[PDB]
**Student:** 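One structure coming up, written as structure tokens, with questions to follow.
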Amino acid sequence: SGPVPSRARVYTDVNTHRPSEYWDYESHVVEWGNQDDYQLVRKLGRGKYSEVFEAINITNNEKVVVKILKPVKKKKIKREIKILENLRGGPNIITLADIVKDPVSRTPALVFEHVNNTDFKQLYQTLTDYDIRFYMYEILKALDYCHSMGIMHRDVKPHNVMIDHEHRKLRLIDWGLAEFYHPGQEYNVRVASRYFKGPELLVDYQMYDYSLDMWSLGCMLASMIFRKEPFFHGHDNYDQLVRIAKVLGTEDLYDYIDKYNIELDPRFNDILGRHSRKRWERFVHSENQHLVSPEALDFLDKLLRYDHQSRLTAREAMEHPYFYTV
Ligand SMILES: Clc1cc(C[NH2+]CCCc2ccccc2)ccc1-c1ccccc1
């Protein structure tokens, strides 16, 4: 008959109960100004469909973040802009300040509030058990907020989290893969970055929701507390599920695929194997024990679950004893 339908346990109908204008990005009218008002300072990053810069607004001598969009599908550009406008100002969300276009290139660019990012490959120097809890809570504020606004990020990873450690300022960025959640909609599973893909994407289960972001979050937490980047190190999309199965076990994987009546790809036949469920304590060592606690492990166990419905929602995660200290 096919896979069993599923829907989010929270914010299920938030979009259904709103007007067409809020979620119909294909019909949204994008109006941009002249890029002549901005001068590029330095490169911050580079993506598949973008290049991020530090820039100066010449009319007020204020630093900004400028994201130059590589002309991809116009609906994709429209989706991101609509999403950014809907979320503009939300807690720990990158704030869109302006939309422009260079007169000569006709290339569209997005202008954001300035964030002074501290180096990722040089942040763990003074990043304590408290720091991790504090920044994890800041990400959860962003997540409950965008989820409450009927949006799933679908690309949660360290590269999409900007941290200004001196001011304890965090921003969830790159809303280019984000999408409006509509219950029963079937989404393209070719989202998120390989190491952060939820089991739903890997088993080609299209009816996923907000909980996909909570699996990605769990991946980030595990790499941070265990000092193992990435935590699930797949070499391809099929191998990624094997790496998760080596930790969560194959019994609970079949239990999940049986629950939703998912049919596994033949590519999994020769590689999946048989694996027992491991204890989270197995990943503790001298180099990471100062960041691990029974609270951290309990919180992690409730995020990294095959069953997307069994994972904590962002609002439930904020109530976990791991955050009592913050
Ligand atoms: Cl979420 C995060 C991000 C980081 C650092 N991001 C690097 C972003 C670089 C960049 C890329 C593109 C444009 C602008 C800048 C370091 C640690 C964490 C972290 C904290 C607590 C728990 C787990 C992880």
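Side chains included, hydrogens not; waters and symmetry mates left out as well; all remaining heavy atoms used. Residue indices begin at 1 and follow the sequence shown.
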**Student:** Determine whether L300 and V156 fall in the same hydrophobic cluster, where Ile, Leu, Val, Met, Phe, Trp and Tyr are linked whenever their side-chain heavy atoms lie under 4.5 Å apart.
**Tutor:** yes

**Student:** CG/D204 to CG/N188 distance, rounded to the nearest 0.5 angstrom?
**Tutor:** 9.0 Å

**Student:** Between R243 (side chain) and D239 (backbone), is there a donor-acceptor pair under 3.5 Å?
**Tutor:** no

**Student:** Is there a path of hydrophobic side-chain contacts, each under 4.5 Å between heavy atoms of I/L/V/M/F/W/Y residues, joining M162 to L110?
**Tutor:** yes

**Student:** Shared ILVMFWY cluster between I271 and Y306, side chains joined below 4.5 angstrom?
**Tutor:** yes

**Student:** May I ask you to test the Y137-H320 pair for a side-chain heavy-atom distance under 4.5 Å?
**Tutor:** no

**Student:** Given side-chain contact (heavy atoms from CB on, under 4.5 Å), test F283 with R227 step by step and report yes or no.
**Tutor:** CA-CA 9 Å; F283 298 95; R227 307 250 295 122; over 6 Å; no

**Student:** Can you tell me if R315 has over 12 outside heavy atoms packed within less than 6.0 Å of its CZ?
**Tutor:** yes

**Student:** Return the CD1 to CG distance between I139 and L170, rounded to the nearest 0.5 Å.
**Tutor:** 5.0 Å

**Student:** Do the non-hydrogen side-chain atoms of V4 and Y205 ever get within less than 4.5 Å of each other?
**Tutor:** no

**Student:** How about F299 and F323: are their ring centroids closer than 6.0 Å?
**Tutor:** yes

**Student:** Going by atom types alone, do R154 and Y208 pair a side-chain donor with an acceptor below 3.5 Å?
**Tutor:** yes

**Student:** Work out which heavy atom in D252 is nearest to a heavy atom in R277; give both atom names and the distance.
**Tutor:** OD2-CD, 4.1 Å

**Student:** Do other residues, nucleotides or ligands put more than 12 heavy atoms under 6.0 Å from the CG atom of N34?
**Tutor:** yes

**Student:** Give the minimum heavy-atom separation between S223 and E229, together with the two atoms involved.
**Tutor:** OG-OE2, 3.2 Å

**Student:** Would you name the heavy atoms of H153 and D213 that are closest together and state the gap between them?
**Tutor:** N-OD2, 2.8 Å

**Student:** Does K228 count as lying over the ring of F226, i.e. NZ or CZ under 6.0 Å from the six-ring centre, within 45 degrees of the axis?
**Tutor:** no

**Student:** Within this structure, what is the CG-CG distance for the pair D155 and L177, rounded to the nearest 0.5 Å?
**Tutor:** 5.0 Å

**Student:** State, with a plain yes or no, whether a side-chain heavy atom of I99 is found less than 4.5 Å away from one of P108.
**Tutor:** no

**Student:** From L143 CG over to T313 OG1, what is the distance, rounded to the nearest 0.5 angstrom?
**Tutor:** 10.5 Å

**Student:** Surrounding CD of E281 (heavy atoms of other residues, nucleotides or ligands, distance under 6.0 Å), is the total greater than 12?
**Tutor:** yes

**Student:** I'd like to know if the side chain of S293 pairs up with that of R133 as donor and acceptor (distance under 3.5 Å, no hydrogens or angles considered).
**Tutor:** yes

**Student:** Quickly, which of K75, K76, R79, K78 forms a salt bridge (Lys or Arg N to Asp or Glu O under 4.0 Å) with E26? Name it, please.
**Tutor:** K75

**Student:** Run the salt-bridge test on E51 and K43 with the 4.0 Å N-O cut-off and return the result as yes or no.
**Tutor:** yes

**Student:** Please check if atom CD in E263 has more than 12 non-hydrogen atoms from other residues, nucleotides or ligands closer than 6.0 Å.
**Tutor:** no

**Student:** Should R9 and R311 be marked as a side-chain contact (heavy atoms from CB on, under 4.5 Å) after you check the CA-CA gap, both sets of side-chain angles, and the distance that decides it?
**Tutor:** CA-CA 10 Å; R9 278 166 56 226; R311 301 172 197 147; 6.0 Å; no

**Student:** Tell me if a side-chain donor or acceptor on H167 pairs with a main-chain N or O of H165 at a distance below 3.5 Å.
**Tutor:** no

**Student:** Please determine, by modelled atom types, if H308 and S6 share a side-chain donor-acceptor pair under 3.5 angstrom.
**Tutor:** yes

**Student:** Where the side chain of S193 meets the backbone of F196, is there a donor-acceptor pair that is under 3.5 Å apart?
**Tutor:** no

**Student:** Is any side-chain heavy atom of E113 closer than 4.5 Å to a side-chain heavy atom of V115?
**Tutor:** yes

**Student:** Do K67 and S50 have a side chain donor and acceptor closer than 3.5 Å?
**Tutor:** no

**Student:** Without swapping roles, check the side chain of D144 against the backbone of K141 for a donor-acceptor pair under 3.5 Å.
**Tutor:** no

**Student:** What I want to check is whether the side chains of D98 and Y38 have a donor and an acceptor closer together than 3.5 Å.
**Tutor:** yes

**Student:** Is it true that the side chains of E62 and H114 contain a donor and an acceptor less than 3.5 Å apart?
**Tutor:** no

**Student:** Can you check whether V41 reaches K63 side chain to side chain, under 4.5 Å on heavy atoms?
**Tutor:** no

**Student:** Is any side-chain heavy atom of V161 closer than 4.5 Å to a side-chain heavy atom of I173?
**Tutor:** no

**Student:** Ring centres of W215 and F232 under 6.0 Å apart?
**Tutor:** yes

**Student:** So, for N261 and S1, which heavy atoms are closest and what is the spacing to 0.1 Å?
**Tutor:** OD1-OG, 4.4 Å

**Student:** Would the distance check show the side chain of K101 and the main-chain N or O of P103 forming a donor-acceptor pair, the cut-off being under 3.5 Å?
**Tutor:** no

**Student:** Could you pull out the closest heavy-atom pair between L241 and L202, with the gap in Å?
**Tutor:** N-CD1, 3.8 Å

**Student:** Do the side chain of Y181 and the main chain of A8 share a donor and acceptor less than 3.5 angstrom apart?
**Tutor:** yes

**Student:** If we ignore hydrogens and angles and just use 3.5 Å, is the side chain of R194 paired with the main-chain N or O of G234 as donor and acceptor?
**Tutor:** yes

**Student:** Can you tell if the side chain of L84 reaches within under 4.5 Å of the side chain of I94, non-hydrogen atoms only?
**Tutor:** yes

**Student:** Measure from the ring center of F231 to the ring center of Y195 and say whether it is less than 6.0 Å.
**Tutor:** no

**Student:** Please answer whether the main-chain N or O of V14 pairs with a side-chain N or O of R18 as donor and acceptor at a distance below 3.5 Å.
**Tutor:** yes

**Student:** Could you state the interatomic distance from OG (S211) to CE (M152), rounded to the nearest 0.5 Å?
**Tutor:** 9.0 Å

**Student:** Would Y210 end up clustered with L172 when hydrophobic side chains under 4.5 Å apart are linked, directly or stepwise?
**Tutor:** no

**Student:** Pair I132, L291 - check side-chain contact (heavy atoms from CB on, under 4.5 Å), show working.
**Tutor:** CA-CA 8 Å; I132 299 181; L291 301 174; 3.9 Å; yes

**Student:** With a 4.5 Å limit on heavy-atom distance, are the side chains of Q289 and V292 in contact?
**Tutor:** no

**Student:** Tell me whether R42 forms a cation-pi arrangement with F53, defined as NZ or CZ under 6.0 Å from the six-membered ring centre and within 45 degrees of its axis.
**Tutor:** no

**Student:** With distance as the sole test, does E80 use its side chain to make a donor-acceptor pair with the main-chain N or O of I77 at under 3.5 Å?
**Tutor:** no

**Student:** Quick one: do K302 and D298 make a salt bridge, cutoff under 4.0 Å?
**Tutor:** yes

**Student:** Is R168 salt-bridged to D164, cutoff N-O under 4.0 Å?
**Tutor:** no

**Student:** May I ask whether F180 and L212 are part of the same hydrophobic cluster, defined by side-chain heavy atoms of I, L, V, M, F, W, Y residues being less than 4.5 angstrom apart, directly or through others?
**Tutor:** no

**Student:** Between CG of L248 and CG of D307, what distance do you get to the nearest 0.5 Å?
**Tutor:** 11.5 Å

**Student:** Looking just at side-chain N and O atoms, do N92 and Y135 make a donor-acceptor pair shorter than 3.5 Å?
**Tutor:** no

**Student:** Fit a plane to each ring of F134 and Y130, take the angle between them on a 0 to 90° scale, and name the class: parallel (under 30°), tilted (30 to 60°) or perpendicular (over 60°).
**Tutor:** parallel

**Student:** Which pair of non-hydrogen atoms, one from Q240 and one from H233, has the smallest distance, and what is that distance?
**Tutor:** OE1-C, 4.2 Å

**Student:** Just do the side-chain contact (heavy atoms from CB on, under 4.5 Å) check on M136 and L221 with the steps written out, would you?
**Tutor:** CA-CA 8 Å; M136 280 296 296; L221 178 69; 3.8 Å; yes

**Student:** For the CD atom on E251, are there more than 12 heavy atoms of other groups (residues, nucleotides or ligands in this structure) within a distance under 6.0 Å?
**Tutor:** no

**Student:** Under 3.5 Å, side chain of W23 to main-chain N/O of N15, donor-acceptor pair present?
**Tutor:** yes

